[PDB]
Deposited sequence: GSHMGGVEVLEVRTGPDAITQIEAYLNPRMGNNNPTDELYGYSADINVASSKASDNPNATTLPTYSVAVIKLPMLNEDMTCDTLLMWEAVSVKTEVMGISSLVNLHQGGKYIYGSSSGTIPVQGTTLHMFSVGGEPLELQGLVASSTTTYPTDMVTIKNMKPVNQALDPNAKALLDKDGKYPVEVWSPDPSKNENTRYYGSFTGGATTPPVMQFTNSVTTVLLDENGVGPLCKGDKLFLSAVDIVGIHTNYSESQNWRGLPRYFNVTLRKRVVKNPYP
């Protein structure tokens, strides 16, 4: 598809907003531990690793239908171009809480250890599903069958197997520990991610309504929404909550998006 100039004039710009709730494993809003994974079930050995589905954080994704733009026989057509995005992880302050049931910081007179450890933050804005690459810590892990993971895993999948590809086309089904953004593709999506590992690492997060991210590429072109559909994807693992018993649950937070779009001329394919 040959991309042409930006369409000017009145009504050329639009704005959408949305939020994606986290998918840490308890993914139904009636779940007692909604926003958390179930207690981590640890592998007995390399050969015997069977994580429960509810213990595995997955990517969130939503598809937004935009206003129809196009006569599909005219020489040029228009597409929605995502220009910029304001995005924020919501409910950061809920972590500022030392009375929750948990493990004591010192003895039984102290507060409880707050959520900490490994964090993973990612958002993407694209005109189609985020393209994914498969890679696991262990090729001998047996994943739950109703989740989307790598078929016919071999040791190569502990590194880069160019056959292990997928599209993020379902909310709450693609394990973060299996899939990551494919940098060899995603020509039509901008994605942004940061990771800090560790068992007990302090989480660090910002929040403001003053920051915007521009989505335009080196040529001045943002993601173009095929079939007038905008794709928002995210994961926001903000750490691990430990219970008194010492069992542990991933903690995630929801993400807000506010995307500005304009109208972009393309040559009819």
- Message: Please report every deposited-sequence interval that has no C-alpha in the structure, sorted by position.
- Response: 1-6, 77, 277-278
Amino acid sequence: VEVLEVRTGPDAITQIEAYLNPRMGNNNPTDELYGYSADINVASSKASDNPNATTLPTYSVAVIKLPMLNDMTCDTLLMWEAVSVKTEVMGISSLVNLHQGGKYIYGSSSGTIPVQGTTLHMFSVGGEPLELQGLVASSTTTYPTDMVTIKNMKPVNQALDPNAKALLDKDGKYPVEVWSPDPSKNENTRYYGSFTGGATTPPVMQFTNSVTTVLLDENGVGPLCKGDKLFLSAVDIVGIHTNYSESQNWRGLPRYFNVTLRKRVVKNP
From here on, numbers count along this sequence of modelled residues.
- Query: Is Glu81 unbuilt in at least a third of the other PDB entries compared?
  - Reply: no
- Message: For at least a third of the other PDB entries compared, is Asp71 missing from the model even though its neighbours are present?
- Response: yes
- Query: Comparing 7-15 with 250-258, which has the greater mean CA B-factor as deposited?
  - Reply: 7-15
- Comparing 25-33 with 213-221, the higher average Cα temperature factor in the PDB entry belongs to 25-33
- So among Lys170, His121, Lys86, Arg190, who wins on Cα B-factor in the entry? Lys170
- Say you rank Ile240, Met205, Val63, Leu56 by Cα B-factor from the PDB entry; which sits at the top? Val63
- Within this chain, which third does the Cα B-factor at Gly197 fall in: lowest, middle or highest? lowest
- Query: Once the chain's modelled residues are ordered by C-alpha B factor and cut into thirds, is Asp236 in the lowest, middle or highest one?
  - Reply: lowest
- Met153 - which third its CA temperature factor falls in, relative to the rest of the chain: highest
- Item | Third of the chain's Cα B-factor distribution that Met147 belongs to, per the entry | highest
- Thinking about Cα B factors across the chain, which third does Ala166 belong to? middle
